[PDB]
Structure formats: C-alpha cells, structure tokens
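Worksheet: the structure to be examined is printed underneath.
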Amino acid sequence: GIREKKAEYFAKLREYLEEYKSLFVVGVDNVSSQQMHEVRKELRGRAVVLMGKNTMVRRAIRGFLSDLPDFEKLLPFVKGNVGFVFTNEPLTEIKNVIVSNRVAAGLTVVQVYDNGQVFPXXXXXXXXXXXXXXXXXXXXXXX
Amino acid sequence: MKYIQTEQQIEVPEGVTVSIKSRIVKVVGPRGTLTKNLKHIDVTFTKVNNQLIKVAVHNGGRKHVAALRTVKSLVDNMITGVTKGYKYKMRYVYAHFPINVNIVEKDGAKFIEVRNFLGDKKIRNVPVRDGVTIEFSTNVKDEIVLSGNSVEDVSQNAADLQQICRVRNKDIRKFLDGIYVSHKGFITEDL
RNA sequence: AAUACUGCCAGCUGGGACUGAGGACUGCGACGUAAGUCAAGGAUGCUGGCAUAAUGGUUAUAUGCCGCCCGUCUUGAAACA
RNA sequence: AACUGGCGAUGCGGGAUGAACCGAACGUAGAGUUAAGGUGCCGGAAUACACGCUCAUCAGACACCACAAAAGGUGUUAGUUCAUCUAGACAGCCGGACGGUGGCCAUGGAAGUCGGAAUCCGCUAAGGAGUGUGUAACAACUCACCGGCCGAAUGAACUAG
RNA sequence: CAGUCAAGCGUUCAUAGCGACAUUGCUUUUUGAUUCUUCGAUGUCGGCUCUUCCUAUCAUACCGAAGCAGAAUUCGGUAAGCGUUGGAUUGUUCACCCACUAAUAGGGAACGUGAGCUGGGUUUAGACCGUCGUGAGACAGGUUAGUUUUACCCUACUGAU
C-alpha cells in the first residue's frame with residue numbers, strides 16, 4: 001500500500017498549506033543529497049525544503065485544494081523539478097535561499113512608484129483640472 | 001482485458017504529405033518518401049486535418065497494446081527518416097596489428113578492406129548497405145559515418161557490421177578488439 | 001389493462017403410415033315418436049389393363065453391407081495348441 | 001481370505017480393437033419407439049444455436065481404455081490480500097546534495113568515504129559524523145533529501161485457468 | 001541415468017568448478033517374483049560373417065560460457081553428416097597386455113545372424129587322477145577322446161524376358 005503513505009506523507013504535506021501560506025518553487029533536479037544533507041546542518045534558521053515526485057504526487061496535489069485551494073498550484077509546477085516549502089515569509093524570501101547554496105547537483109494601488117516619488121494613485125491620474133486649471137494659477141497671481 | 005477503443009494519435013507536420021490507400025500509406029517528406037504495407041494491423045487510419053493521424057481498433061487487446069504503443073514509436077522513427085534521417089558514427093579497434101580499413105569498390109558494391117586483422121593474411125571486405133550512406137569519419141582514427149533513414153538502415157548495418165568483427169580463437173573476454181560503434185546522429189544534423 | 005406460466009375442454013380443421021385380422025344371426029350399443037339409422041363383438045363401395053412367364057421362383061452375372069478352417073483341451077484356441 | 005455381479009453355459013446395440021466393461025438378453029414376423037451410444041468426412045444423424053479459455057518450434061481431441069513427477073516459467077487469463085496509492089509519487093527526464101567537521105580520530109594517510117571509535121548541533125526545499133566513488137587525504141564527482149513536468153499508478157504476497 | 005535442494009567446499013566465492021542432508025523422475029542393453037505358450041520339441045555356447053537400427057555423440061562441422069596471457073583448459077548448445085585400428089596369452093563371452101589413430105561412443109534387430117560356417121569349451125557310452133560312498137555309485141573336482149542332412153515349393157529378393 002502506498003496511499004496511506006500519501007495519507008501520512010500528505011497528512012503532514014497536505015497539512016501545512018494554510019499553516020504556511022507562501023509559495024517557493026525550488027528548481028532542484030538531480031539532487032546532491034550530500035550537499036542538501038549539509039543544507040540541513042545549516043538549516044537551523046527558518047525552514048526545510050520538502051519535495052515530492054509530483055506525478056506520483058500528481059493526484060496528491062490534485063488533493064491539494066483543501067486548505068486555501070490555491071495550494072493545488074504545485075501541479076502548475078509539476079514539470080520542471082519541483083516540490084514543497086513551509087514558512088511564513090510572504091512572497092520571495094526562501095526561493096532566493098534554497099536554489100543558491102549547497103544545492104542539488106490581491107493587492108491594490110495607493111502608491112504609484114515613479115522615480116522614487118510618493119503618489120496616492122490620485123496625483124498622476126488626477127482630474128486634469130486639479131493642476132491643468134492650475135496652469136493659470138500663478139499666471140493669475142503673476143498678473 | 002479488451003480496452004474498448006485503442007488508437008495512436010500522431011501529430012503531422014506540414015513538410016509531409018501521405019496518402020493512406022484504405023490501409024496503405026504514401027509517405028512523402030522534405031527529405032524523401034516512405035511507404036509501408038499496413039495491411040497487417042487492421043485499423044481505421046485517421047487523418048484529422050494534416051496535423052494528426054490516429055489508428056483505430058475497436059476494442060483492442062492487451063498484447064495488441066504491447067505492440068500497438070510502439071506502432072507509434074516506429075511510425076515516428078519513419079517520420080525522422082522521411083524528414084530528417086539518421087547518421088551514426090562507428091568505431092574500429094585493434095591494439096597491435098594496424099587494420100587497414102577501406103571502402104574498396106566492387107562495382108559500386110562498396111566493400112571494405114579490413115587488413116592486418118590481427119595478423120591475418122585473410123582479408124575481410126564489407127559491402128555497403130545502400131540507402132544508408134557512409135563517409136569516412138575524417139580527422140578521427142577508427143571512426144566512420146553512416147547516414148540512412150531507418151533505425152535499422154543504420155543500426156542493422158551497424159548490427160551486422162558490428163557482427164563483422166565477432167572475434168574468436170583466444171581468451172576474448174581478455175582479448176578485446178573489433179568494429180564497435182561511437183555515435184548515432186542525423187543526416188541533417190540538428191534534425 | 002396486456003403478457004409469462006401452467007392445467008382443462010368428454011372445443012374446431014391438414015397430412016402420413018399400418019390394418020380389415022373375423023365371418024348367417026344373436027350381444028353390446030346409441031340415434032330417431034316410431035319407422036328407420038348408426039361408425040354397436042375386426043371392411044365395405046366405384047376403375048383400367050394384362051390375361052402372360054405379366055407377376056413371381058430359379059440359376060448365373062453384377063452391385064451396397066457383414067463375414068479368423070474343422071475337431072479338441074483349458075478358466076482361456078483363429079491361434080506360435 | 002469375507003460381499004455383489006458376469007464368463008463359464010450367452011447371443012444383440014456403444015467403447016477403431018477387446019471372455020468377464022456401457023445398454024439390453026434370445027419364437028417367427030411386421031407397423032410405431034428408444035437405450036448404450038452418438039450427429040466435420042468415412043458417418044446414419046445438425047461445419048445446429050449460446051457464453052468463455054487457448055495458439056501449443058513438443059496444444060488438444062477422455063468411463064472401459066490402453067499413463068509423468070518434483071521442480072519451474074514477467075507466458076496467458078482472471079481474481080485475493082497488504083503497504084505507497086491521483087495528496088502526482090511512479091516512469092521518464094531536468095541540479096546540488098553540508099557550516100560547525102578531517103566528530104573522537106586510530107592519523108606517515110583518512111579531508112564524508114584504509115582503519116578503531118562514539119554518530120553530534122544545526123541547516124534547509126536539500127546535505128548523511130557523511131551515500132559511495134574519486135581516496136598521498138582528497139579535491140571533486142556522487143546518492144539519500146529536496147527542487148521542474150505527467151495524470152496513475154507503485155511495491156509485496158499471492159491465487160488458479 | 002536424469003533431475004529438485006543446498007550444509008558447505010572451492011584463498012575469498014554456494015553455484016568457475018564442486019558439493020552435506022534430503023527429494024523427483026528415467027531405462028532395460030541387470031538381478032529378484034512370475035507360469036500365459038512349448039513336453040503329438042520353433043537347431044540353446046563362443047567365434048566367424050554380414051546388414052540395419054537407436055541416441056543417452058568418441059572423433060569430425062558449427063557455436064555459446066569459465067576460477068578460459070599465448071599455449072593449454074572446463075562446461076554447454078547445434079549436432080547420429082561421416083568416421084571411430086593391428087597383434088601375445090585365454091574355446092572363450094569376458095579379461096589383460098603390446099602397439100596405432102582425428103577418434104579408437106554406447107546399446108537393438110526371437111539375448112539380429114548353424115536348409116550361413118566352425119564346433120575349441122559345454123554334454124552319452126570309452127579312460128585316468130584327487131575327494132566321498134559297504135556298494136550299486138556321487139563329485140558346478142581336475143583330466144582324455146569321442147557321427148553338424150535337405151529348397152526342384154511358397155514368400156522374400158535379383159537378373160532376365
């Protein structure tokens with residue numbers, strides 16, 4: 001039987017999807033488990049890379065709609081070499097970490113970022129009368 | 001256990017034109033042409049629109065699948081021949097006795113002088129299977145270049161050409177020489 | 001509502017084959033008021049030809065199927081008895 | 001040797017063949033009807049019909065009755081059970097795979113990987129007192145692991161046609 | 001004669017080469033039981049001759065695998081195509097030398113082969129010794145010599161017309 005290792009291995013792997021709500025697709029094929037063992041000797045900072053044979057885990061990641069149905073998203077990362085990461089750092093703070101060293105071998109706008117300025121997303125995209133009519137302002141204060 | 005509709009679903013590119021005479025295909029590629037008697041498979045062959053062709057067996061069987069998958073394999077082998085074509089490179093081995101190798105000609109038959117075959121006054125001579133087309137691999141000792149359009153055009157030529165130097169008479173699990181292979185390739189390389 | 005199933009009718013119509021054994025009469029019967037009928041102890045009506053080897057026997061021939069010498073012993077003989 | 005039944009003493013219908021086996025025993029006959037036994041050809045009588053197995057470089061085709069085993073076989077067929085089992089592994093392919101650490105080191109070497117000795121903290125998504133190789137040692141490669149795809153198969157015990 | 005199995009051997013290593021204990025089949029070319037046929041009898045030794053069969057193959061042909069540098073091996077497949085000797089002693093069958101080959105495989109044919117050969121042994125009556133018996137006699141004790149017909153018939157076969 002392998003399905004109870006998918007109930008155990010995806011009890012603990014299908015588990016932490018809403019425990020740790022961040023995505024880090026690590027590209028570790030052909031994995032130097034020597035070095036990636038010594039990774040763990042280094043891994044007493046934040047987290048551990050936790051991968052899977054994602055066509056054997058295909059129907060498991062088909063089983064990953066459970067907690068935040070956004071965690072089926074490792075079937076959009078099945079080809080390429082791919083698996084799982086558990087931490088609470090929000091966007092791109094662990095994918096920069098696992099791939100480099102010792103390795104295998106929504107949101108709105110109230111801040112338009114134009115040239116280090118601080119837009120309220122109402123300055124550049126204004127009414128063209130809150131400044132275009134103010135072209136005659138100090139022309140009027142001039143004359 | 002008689003899977004209820006079995007088929008092979010093969011994308012067709014656009015440099016090729018075939019014509020399946022009710023089982024009998026008229027294959028044409030940018031290199032050349034092939035055909036096959038396919039009246040030993042009993043399918044309905046299936047153009048969709050010059051970009052895929054299936055075969056069709058209503059309720060195919062188990063060993064029928066055990067050959068019916070690689071039906072597609074060998075078809076695609078024929079695609080690579082009729083478009084692109086294989087081009088291997090082989091090896092020669094001696095250690096002490098310098099074997100002369102030549103494509104000597106017997107009337108276009110294109111034999112091969114094999115001389116000093118470990119001190120043999122007997123000479124070997126290997127004719128060329130034509131269709132697969134051979135130049136000497138220049139700048140490299142003990143190599144040669146075959147180039148055909150079947151994987152047995154070139155690997156049956158390399159198979160029995162490999163069977164040229166089946167060497168006997170000594171402790172040959174120690175004594176190791178002969179026609180070997182280096183490489184397998186393509187007539188249009190990078191194709 | 002149909003239908004399967006089964007049983008019943010001492011309901012109704014085609015074809016085959018086989019037979020007339022027996023000889024006054026009884027009897028048994030039924031059916032018709034009776035007369036009389038009948039199928040009720042076994043068959044009685046209408047042709048045509050030959051009138052002879054016709055039919056049939058016979059021999060011989062020929063055909064389809066079957067076919068271990070007698071006599072003897074033994075439990076056991078066609079017996080290499 | 002103790003029971004029933006035949007031959008003897010008894011023929012006829014089935015077993016190509018058959019003393020003692022399957023039916024059934026014996027007046028002459030004739031009309032209907034069957035056993036035993038069967039219905040490709042001989043061959044009488046259905047290459048009748050229905051559901052499946054099998055393909056045999058040594059099928060098979062039977063009470064009587066005139067024959068193989070142990071041991072097997074990724075042959076086939078189907079199931080039975082167990083563990084991964086779509087949560088994707090698997091297959092296939094895409095990379096490294098430890099800082100402390102050559103742990104204590106036995107150290108002419110041993111740097112993870114001759115060899116004794118305990119087997120660490122961590123680190124990850126991975127790194128092992130190292131998974132081997134490469135090793136004066138090694139470096140480094142490597143492998144667990146973890147990182148890319150696929151949609152489902154994996155592993156074990158079988159079980160008997 | 002052939003397996004199955006492996007305790008182990010084989011430096012190590014079960015399986016190159018072997019193999020403890022166990023187990024499954026095969027053969028009549030060996031011996032036991034056996035009395036169907038023969039006592040109104042089917043030429044029983046040995047040899048000679050001569051042919052054929054068989055395979056479980058000696059050599060010769062092709063191949064494969066090893067605990068197969070050459071050389072020299074083992075084990076296996078295909079394999080019966082063709083081949084697989086001469087003399088001393090002993091009637092011998094048997095046996096043993098001595099010598100030769102590529103090699104000097106193994107069995108069947110009414111224990112193939114006497115209207116095919118011989119008759120050396122075997123086995124009347126004659127005779128001798130050693131043993132045993134009163135004796136008539138007995139001795140797988142030894143020894144000696146002591147009567148091999150016929151197809152012109154059928155089949156078979158081969159020539160012949």
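Identifiers in the structure tokens: chain A, B, ... in order shown; residue index from 1 per chain; ligand index from 1 in order shown.
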
### Message
So that I can check the secondary structure, give me every residue of stretch 51-184 of chain B assigned strand (DSSP E or B) by backbone DSSP, as a ChimeraX atom specification.
### Response
/B:53-54,57-60,86,89-91,100-102,113-115,124-125,135-136,143-145,180-183

### Message
Neighbouring residues of residue B:102 were defined as those with any atom within 8 Å, considering only C-alpha atoms (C1' of nucleotides); residues of the same chain fewer than 2 positions away were excluded. Please report them as a PyMOL selection string.
### Response
chain B and resi 100+104+111-114

Atoms kept (N, CA, C and O atoms) for selection, written as a PDB file, in the first residue's frame:
```pdb
ATOM      1  N   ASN B 100      44.084  -2.032 -41.779  1.00  0.00           N
ATOM      2  CA  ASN B 100      43.685  -1.115 -42.829  1.00  0.00           C
ATOM      3  C   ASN B 100      42.195  -1.263 -43.052  1.00  0.00           C
ATOM      4  O   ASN B 100      41.659  -2.372 -43.094  1.00  0.00           O
ATOM      5  N   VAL B 104      36.759  -0.203 -50.356  1.00  0.00           N
ATOM      6  CA  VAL B 104      37.172  -0.635 -51.673  1.00  0.00           C
ATOM      7  C   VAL B 104      35.915  -0.817 -52.498  1.00  0.00           C
ATOM      8  O   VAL B 104      34.836  -1.081 -51.966  1.00  0.00           O
ATOM      9  N   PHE B 111      32.677  -2.519 -50.915  1.00  0.00           N
ATOM     10  CA  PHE B 111      33.253  -3.339 -49.878  1.00  0.00           C
ATOM     11  C   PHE B 111      34.218  -2.555 -49.013  1.00  0.00           C
ATOM     12  O   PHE B 111      34.433  -1.354 -49.188  1.00  0.00           O
ATOM     13  N   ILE B 112      34.754  -3.238 -48.031  1.00  0.00           N
ATOM     14  CA  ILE B 112      35.649  -2.647 -47.058  1.00  0.00           C
ATOM     15  C   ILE B 112      36.779  -3.640 -46.866  1.00  0.00           C
ATOM     16  O   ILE B 112      36.567  -4.737 -46.334  1.00  0.00           O
ATOM     17  N   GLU B 113      37.944  -3.280 -47.391  1.00  0.00           N
ATOM     18  CA  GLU B 113      39.205  -3.793 -46.901  1.00  0.00           C
ATOM     19  C   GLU B 113      39.297  -3.691 -45.392  1.00  0.00           C
ATOM     20  O   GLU B 113      39.242  -2.596 -44.817  1.00  0.00           O
ATOM     21  N   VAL B 114      39.439  -4.842 -44.765  1.00  0.00           N
ATOM     22  CA  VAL B 114      39.899  -4.965 -43.400  1.00  0.00           C
ATOM     23  C   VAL B 114      41.148  -5.825 -43.463  1.00  0.00           C
ATOM     24  O   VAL B 114      41.081  -7.032 -43.739  1.00  0.00           O
TER      25      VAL B 114
END
```

### Message
Residues of chain B were defined as contacting chain E if any atom lay at most 10 Å from it, counting only C-alpha atoms (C1' of nucleotides); please report them as a count of residues only.
### Response
6

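The residue that comes closest to residue D:89, out of A:40, A:55, A:24, A:32 and on the basis of only C-alpha atoms (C1' of nucleotides), is A:55.
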
### Query
Between E:56, E:39, E:103, E:115, which is the closest to residue E:149 once you count only C-alpha atoms (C1' of nucleotides)?
E:115

### Query
atom CA of residue B:138 and atom CA of residue B:154, how far apart in Å?
18.9 Å

### Task
Any chance you could list, as JSON, numbers by chain, the residues in stretch 47-135 of chain B that come up helix (DSSP H, G or I) when DSSP is run on the backbone?
{"B": [62, 63, 64, 65, 66, 67, 68, 69, 70, 71, 72, 73, 74, 75, 76, 77, 78, 79, 80, 81, 82, 83]}

### Task
Pick out the residues sitting within 10 Å of residue E:17, and hand them over as an NGL selection string; count only C-alpha atoms (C1' of nucleotides), and ignore anything fewer than 5 positions along from it in its own chain.
:E and (10 or 66-67 or 74-75)

#### Entry: stretch 118-133 of chain E environment, 8 Å, only C-alpha atoms (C1' of nucleotides), sequence neighbours closer than 6 positions dropped, as a VMD selection string
chain E and resid 45 48 91 to 92 139 141 to 144

#### Entry: chain D contacts to chain A at 6 Å (only C-alpha atoms (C1' of nucleotides)) as an NGL selection string
:D and (83-90 or 94-99 or 122-127 or 144-150)

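Reported to one decimal place, the separation of atom CA of residue B:84 from atom CA of residue B:31 is 6.3 Å.
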
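If you look at atom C1' of residue E:83 and atom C1' of residue E:59, they are 7.4 Å away from each other.
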
Could you please select, counting only C-alpha atoms (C1' of nucleotides), the residues of chain D within 12 Å of chain B and state them as a PDB file with N, CA and C atoms (P, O5', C5', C4', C3', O3' and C1' of nucleotides), in the first residue's frame?
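Below you can see iface16.pdb, which holds the result:
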```
ATOM      1  P     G D  75       6.230 -15.323 -17.113  1.00  0.00           P
ATOM      2  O5'   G D  75       5.152 -14.994 -18.223  1.00  0.00           O
ATOM      3  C5'   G D  75       5.528 -14.341 -19.417  1.00  0.00           C
ATOM      4  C4'   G D  75       4.677 -14.829 -20.538  1.00  0.00           C
ATOM      5  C3'   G D  75       3.193 -14.687 -20.296  1.00  0.00           C
ATOM      6  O3'   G D  75       2.692 -13.398 -20.542  1.00  0.00           O
ATOM      7  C1'   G D  75       3.615 -16.873 -20.928  1.00  0.00           C
ATOM      8  P     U D  76       1.854 -12.689 -19.387  1.00  0.00           P
ATOM      9  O5'   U D  76       0.351 -12.786 -19.898  1.00  0.00           O
ATOM     10  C5'   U D  76       0.078 -12.946 -21.281  1.00  0.00           C
ATOM     11  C4'   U D  76      -1.022 -13.943 -21.510  1.00  0.00           C
ATOM     12  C3'   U D  76      -2.203 -13.820 -20.576  1.00  0.00           C
ATOM     13  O3'   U D  76      -3.071 -12.763 -20.896  1.00  0.00           O
ATOM     14  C1'   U D  76      -1.559 -16.066 -20.672  1.00  0.00           C
ATOM     15  P     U D  77      -3.319 -11.630 -19.797  1.00  0.00           P
ATOM     16  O5'   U D  77      -4.796 -11.917 -19.309  1.00  0.00           O
ATOM     17  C5'   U D  77      -5.747 -12.444 -20.212  1.00  0.00           C
ATOM     18  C4'   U D  77      -6.624 -13.436 -19.514  1.00  0.00           C
ATOM     19  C3'   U D  77      -7.026 -13.046 -18.110  1.00  0.00           C
ATOM     20  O3'   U D  77      -8.007 -12.047 -18.013  1.00  0.00           O
ATOM     21  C1'   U D  77      -6.243 -15.223 -18.051  1.00  0.00           C
ATOM     22  P     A D  78      -7.551 -10.628 -17.426  1.00  0.00           P
ATOM     23  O5'   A D  78      -8.318 -10.503 -16.044  1.00  0.00           O
ATOM     24  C5'   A D  78      -9.710 -10.723 -15.977  1.00  0.00           C
ATOM     25  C4'   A D  78     -10.025 -11.802 -14.985  1.00  0.00           C
ATOM     26  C3'   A D  78      -9.649 -11.504 -13.550  1.00  0.00           C
ATOM     27  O3'   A D  78     -10.514 -10.612 -12.885  1.00  0.00           O
ATOM     28  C1'   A D  78      -8.846 -13.613 -14.083  1.00  0.00           C
TER      29        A D  78
END
```

### Message
With only C-alpha atoms (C1' of nucleotides) as the counted atoms, please give the residues lying no more than 12 Å from residue D:18, apart from itself and same-chain residues fewer than 6 positions off, as a PyMOL selection string.
### Response
chain D and resi 64-66
